[PDB]
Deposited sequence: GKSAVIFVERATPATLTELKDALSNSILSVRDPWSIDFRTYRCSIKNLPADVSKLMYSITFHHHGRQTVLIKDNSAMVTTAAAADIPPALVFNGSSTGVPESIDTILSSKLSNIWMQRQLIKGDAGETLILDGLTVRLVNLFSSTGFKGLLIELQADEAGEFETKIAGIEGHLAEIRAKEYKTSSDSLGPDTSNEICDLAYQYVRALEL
């Protein structure tokens, strides 16, 4: 699998649709809407060894497992708050209580002195557009301060032709007059790079 995240900094709630139509003649079908939470935590340790970030990102995918990936210093940790995702063996030997919660809840309620939530960007009612061997997800990101931008999630099973697929979408962005945007297809396990890409495109 492969992926890329495009974040349109300069944009408005409408930009989503404008790009949605530039694909009207490339679309095939539309699957269920998706959601996503993007959190930023700042470390409160004051002796922090030089060149160790003080920043940690938390990317929560909704029904991509209700999973949350933690990213810090180019490293990622995949977690889940879904009892249904618990490895059977951990439930059997008692390692798990069978009733997990979010790593974010733990961070804010048990480790809040060490980690403070700085920002919380949410993307609701996203759209899953299905093209030719390229799935394109679109969602408007909002902060506690109103609109924050447009986010494009590009997932493609086709390991081959991809660099072309990404360039194509960036083109339709030029058409809708969407200039000054950031694109990431970097890498560090799918869910991890995807999470990483959001970070690169938003940080």
message = Without any C-alpha position in the structure, which residue ranges of the deposited sequence would you list, numbering from 1?
response = 189 to 193, 209
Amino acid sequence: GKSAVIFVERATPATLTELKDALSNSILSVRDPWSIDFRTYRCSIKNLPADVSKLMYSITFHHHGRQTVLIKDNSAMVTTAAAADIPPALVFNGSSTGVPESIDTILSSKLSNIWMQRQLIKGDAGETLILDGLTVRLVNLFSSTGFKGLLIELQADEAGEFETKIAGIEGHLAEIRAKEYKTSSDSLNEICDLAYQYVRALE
From here on, numbers count along this sequence of modelled residues.
ask   = If you average the Cα B factors in the entry, which is higher, 163 to 171 or 47 to 55?
value = 163 to 171
query = Which wins on mean Cα temperature factor, 30 to 38 or 172 to 180?
reply = 172 to 180
inquiry  = I'd like to know which of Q67, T135, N140, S143 has the highest C-alpha temperature factor in the PDB entry.
reply    = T135
message = Ranking every modelled residue in this chain by its Cα temperature factor as given in the entry, which third contains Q119?
response = middle
inquiry  = Quick check for you: using the entry's CA B-factors within this chain, is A125 in the lowest, middle or highest third?
reply    = middle
ask   = When the modelled residues of the chain are sorted by Cα temperature factor, does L194 land in the lowest, middle or highest third?
value = lowest
